[PDB]
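Next up: a single chain in structure tokens, the form deposited without its partner chain.
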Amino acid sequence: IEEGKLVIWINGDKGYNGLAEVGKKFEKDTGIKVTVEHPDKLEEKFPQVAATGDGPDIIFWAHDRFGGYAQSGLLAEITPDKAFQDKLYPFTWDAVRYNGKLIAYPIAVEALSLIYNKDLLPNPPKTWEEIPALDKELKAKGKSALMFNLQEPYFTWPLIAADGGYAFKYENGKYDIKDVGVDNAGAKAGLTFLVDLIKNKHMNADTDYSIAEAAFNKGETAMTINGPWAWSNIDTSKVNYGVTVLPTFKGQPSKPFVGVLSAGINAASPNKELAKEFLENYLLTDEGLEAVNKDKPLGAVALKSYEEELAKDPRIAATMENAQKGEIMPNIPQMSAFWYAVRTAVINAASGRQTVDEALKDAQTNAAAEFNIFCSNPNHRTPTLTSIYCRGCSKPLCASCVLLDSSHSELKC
């Protein structure tokens, strides 16, 4: 890692040209070059390069994969003064909390929404159940009802969760990673519905992101599911669209995993003060967030001043409606073994290589297999096994401590 400059990694579906502008504004003042890159599979190649002291100074991803980075000692703990912490929403600070330590700067809150073409669909559907009847009607016009990304489980999980599928059992502000809910009734129900759109030719089994994006933005399909980042390409196309709550399924609402975009500082960086000065005083400002958001939209930003300006956007409001009905994503290291397990099950059940009951069984057992962890109470003079984490601080706590010792509550920590 070069001393005296900054190298930033951020996923290619964000506004990295905007961050580049914030880099050139940092460079004008300080003379410090700021190089912004968007590598493919950067969420996976960062713990590779960081393990030997390589990689970027700053890493950008949704918060869920940061606990694994921190567990492997790849992220510097970040130390904003209470004055700066007050500038960002408390909701977003909890998402970047791990083992009680802040390990990333929260940037923005993402949530999947149902996006619809107002000209084809005056009143978008409130339920999943009526989409097949809707597509059948639109098929008489040579158009489709719904196309979205079936290759990444993020996009399909809201429906899988609607009737009661979950990743880890959440209780009084605690996760239990031995209570995995991938092959329960609610998830089997939700997944069986999705594939029954493909069987009845309402969706194609191999729709990826680019295909669904091109098809909605070209006016071929009336609906798609996506996050705020996608609005930039919908806006520059000539589609007249709106953003609304994901439709219910079996009367229960669709529950997307809520993502907090976060900026982590490499533990092996010689530029931790420059990275902190860049993020705190250039990115997390009205001017800085406005340059990134104006490239590809960020969603509801973590900074109270700028969010107070974006809150009047109906698309932000819709994202917040879906964010409320969903749940914040865990950040514990097991989350990525879970994302792999669920990715394989969905693509196999949608393609027909497996049945839904076959695919969810394999994923449930595959997942739980990776999931040895010890309670974080120091008064245990011997490592005490547990599978419970506290949600707020992402801290392990043994079953004994969870019941008798009222240190960690859902309301307050």
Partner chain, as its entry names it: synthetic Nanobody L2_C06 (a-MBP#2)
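Positions refer to the first chain, counted from 1.
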For this session: Return whichever of 192-200 and 307-315 has the greater mean Cα B factor according to the PDB record.
Result: 192-200
Problem set entry | Mean Cα B-factor comparison, 159-167 or 141-149, giving the higher one as deposited | 141-149
Problem set entry | From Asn331, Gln324, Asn117, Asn226, residue of greatest CA B-factor | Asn117
For this session: Could you tell me which one of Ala341, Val109, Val239, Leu246 shows the highest CA temperature factor in the PDB record?
Result: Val239
Exercise. Thinking about Cα B factors across the chain, which third does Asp57 belong to?
Worked result: lowest
For this session: Give the position of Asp286 by CA B-factor within its chain, expressed as the lowest, middle or highest third.
Result: middle
Exercise. Going by what the PDB entry lists, where does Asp135 fall on CA B-factor within its chain: lowest, middle or highest third?
Worked result: highest
Exercise. Is the Cα B-factor recorded for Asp64 in the lowest, middle or highest third of its chain?
Worked result: lowest
Exercise. Going by what the PDB entry lists, where does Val22 fall on CA B-factor within its chain: lowest, middle or highest third?
Worked result: highest
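This protein has a second form, the form solved in complex with its partner chain, left out of what is shown; the following refers to that one.
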For this session: Heavy atoms within 4.5 Å of its partner chain in the entry with it bound is the criterion; list the residues of 147-175 that meet it.
Result: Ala162, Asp163, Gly164, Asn172
For this session: Report yes or no: are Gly4 and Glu137 in the same rigid part between this form and the one not shown?
Result: no
Exercise. If the CA atoms of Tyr105 and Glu321 move by 3 Å or more in the entry with it bound, do they move toward each other or away, so closer or farther than here?
Worked result: closer
